[PDB]
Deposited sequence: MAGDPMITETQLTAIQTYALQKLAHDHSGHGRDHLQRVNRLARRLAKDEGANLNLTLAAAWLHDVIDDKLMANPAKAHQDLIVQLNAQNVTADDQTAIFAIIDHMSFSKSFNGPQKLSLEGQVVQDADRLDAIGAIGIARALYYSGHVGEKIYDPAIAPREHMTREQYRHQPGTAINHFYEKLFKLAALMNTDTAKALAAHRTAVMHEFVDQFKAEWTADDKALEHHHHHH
């Protein structure tokens, strides 16, 4: 199983890879998902170090050339007395959690995996979720909204990942669902108060838009 001084090795690796990010997944996001991952691990008594490990890393991926990403991570993983069993587990979590995959059938997950998916999704919803949502869109010149394009119902991972929608529609395509798919239990009660604000913003948004 992973070790404390290896985790920090992973932490160090994850942060640098994400300095100068400017997309909504920088230190603050990493540390917050990390800080949530931590408390969470306990509420379920899951393997911390493996949990926090995947937590810092899930994102370092997602990236212009996804392949380049993995490799380098495997490399770094290696030069750190990483065990191949501690590695696979990592990619098991980090490679079967992100929403996009749910469009390929709900792939059951590890406990500590479920603890990550939760902590990661918790920081994508709420007021902070709203901010990251649009900040990211503005970092991509993505159409914020268009009363002419409805939110896509049944998508495909390819569409979701390649086809462009509207920042507003993102709430309806994924941001509004993460609270009812939250794995933990403590996460759930935390997802509740974090869903009411997103709606206060979307309805408010469309009301205002329609008024104008």
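Participant: Which segments of the deposited sequence lack C-alpha coordinates in the modelled structure, numbering from residue 1?
Facilitator: Holes in the chain trace, numbered from 1: 1-5, 68-70, 221-231.
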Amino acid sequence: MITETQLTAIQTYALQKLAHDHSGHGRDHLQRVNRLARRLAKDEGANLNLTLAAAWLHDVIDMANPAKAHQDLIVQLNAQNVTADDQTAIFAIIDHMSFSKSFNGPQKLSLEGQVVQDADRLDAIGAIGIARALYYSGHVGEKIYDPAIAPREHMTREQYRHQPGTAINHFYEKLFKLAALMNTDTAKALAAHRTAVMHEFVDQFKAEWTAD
From here on, numbers count along this sequence of modelled residues.
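Participant: With respect to the recorded C-alpha B factors, which stretch has the higher mean value, 109-117 or 132-140?
Facilitator: Looking at the record's C-alpha B-factors, the answer is 109-117.
Participant: Pick between 38-46 and 142-150: the one whose mean CA B-factor in the entry is higher.
Facilitator: Of 142-150 and 38-46, the stretch with the higher C-alpha B-factor average is 38-46.
Participant: For the listed residues 169, 65, 31, 183, which one has the largest C-alpha B-factor as given in the deposited model?
Facilitator: Spelled out: the listed residue with the top C-alpha B-factor is 65.
Participant: Tell me which of 155, 60, 178, 53 tops the list for C-alpha B factor in the record.
Facilitator: Of the candidates given, the C-alpha B-factor peaks at 155.
Participant: Lowest, middle or highest third: where is residue 8 by Cα B-factor in its chain?
Facilitator: Ranked within chain, residue 8 CA B lands in the middle tercile.
Participant: Ranking the modelled residues of this chain by C-alpha B-factor as given in the entry, is residue 70 in the lowest, middle or highest third?
Facilitator: For residue 70, whose C-alpha B-factor we compare with every modelled residue in the chain, the answer is the highest third.
Participant: What third of its chain, lowest, middle or highest, does the C-alpha temperature factor of residue 125 fall into?
Facilitator: Ranked within chain, residue 125 CA B lands in the lowest tercile.
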